[PDB]
Each structure stands twice: as structure tokens, then as C-alpha cells.
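**Q** return atomic coordinates for the entry below.
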Amino acid sequence: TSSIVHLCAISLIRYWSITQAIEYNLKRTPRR
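**A** Numbers count the residues shown, from 1 in each chain. Sure, structure below:
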């Protein structure tokens, strides 16, 4: 089972470029 988290992590990273710009992007022009 711990073998999953293994690939998971990697995957996540490879798919890290999504969270950062998940909401903010939606409502462009963040910050007051």
C-alpha cells in the first residue's frame, strides 16, 4: 500500500502546477 503513496507523491508533484493556480486563477487579479 505504501507503494501507492510512492507514485502518488511523484504524480502530485508532476501535477503540482494546478493547486497553486486552482482558485486564484478563476478570479484573476488577486489581492485587493
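
**Q** tell me where this structure has helices.
**A** In order along the chain, the chain carries the following helices (DSSP state H): 2-14.

**Q** most distant residue from the centre of it?
**A** The outermost residue of the chain relative to its centre, with distances by CA atoms, centre = their mean, is residue 32 at 24.0 Å.

**Q** any idea how far it lies from residue 26?
**A** From residue 32 over to residue 26 the distance is 17 Å, taken as CB to CB, to the nearest Å. C-beta: built from backbone N, CA, C; applies to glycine.

**Q** equivalent analysis for residue 6, please.
**A** Distance from residue 6 to residue 26, counting by CB to CB: 32 Å.

**Q** before we move on, what about residue 14?
**A** 22 Å.

**Q** do residue 5 as well
**A** Summarising the geometry, the distance separating residue 5 from residue 26, computed by CB to CB, is 29 Å.

**Q** which of those two has more residues huddled nearby?
**A** residue 5 (11 against 8; other CB atoms under 10 Å).

**Q** for the more buried one, what are its contacts?
**A** The contact partners of residue 5, by CB atoms under 8 Å, 6 or more residues apart in numbering, come to none.

**Q** mind redoing it with 10 Å?
**A** Remark: with contacts taken as CB atoms under 10 Å, 6 or more residues apart in numbering, residue 5 is in contact with 11-12.

**Q** how close does it sit to residue 12?
**A** 10 Å.

**Q** same thing with residue 28?
**A** As defined by CB to CB, residue 28 lies at a distance of 25 Å from residue 12.

**Q** check residue 26 too.
**A** Between residue 26 and residue 12 the distance, using CB to CB, works out to 21 Å.

**Q** returning to what we had before: ok, residue 28 and residue 12, which is more surrounded?
**A** Counting neighbours by other CB under 10 Å for residue 28 and for residue 12 shows that residue 12 has the greater number, 12 against 7.
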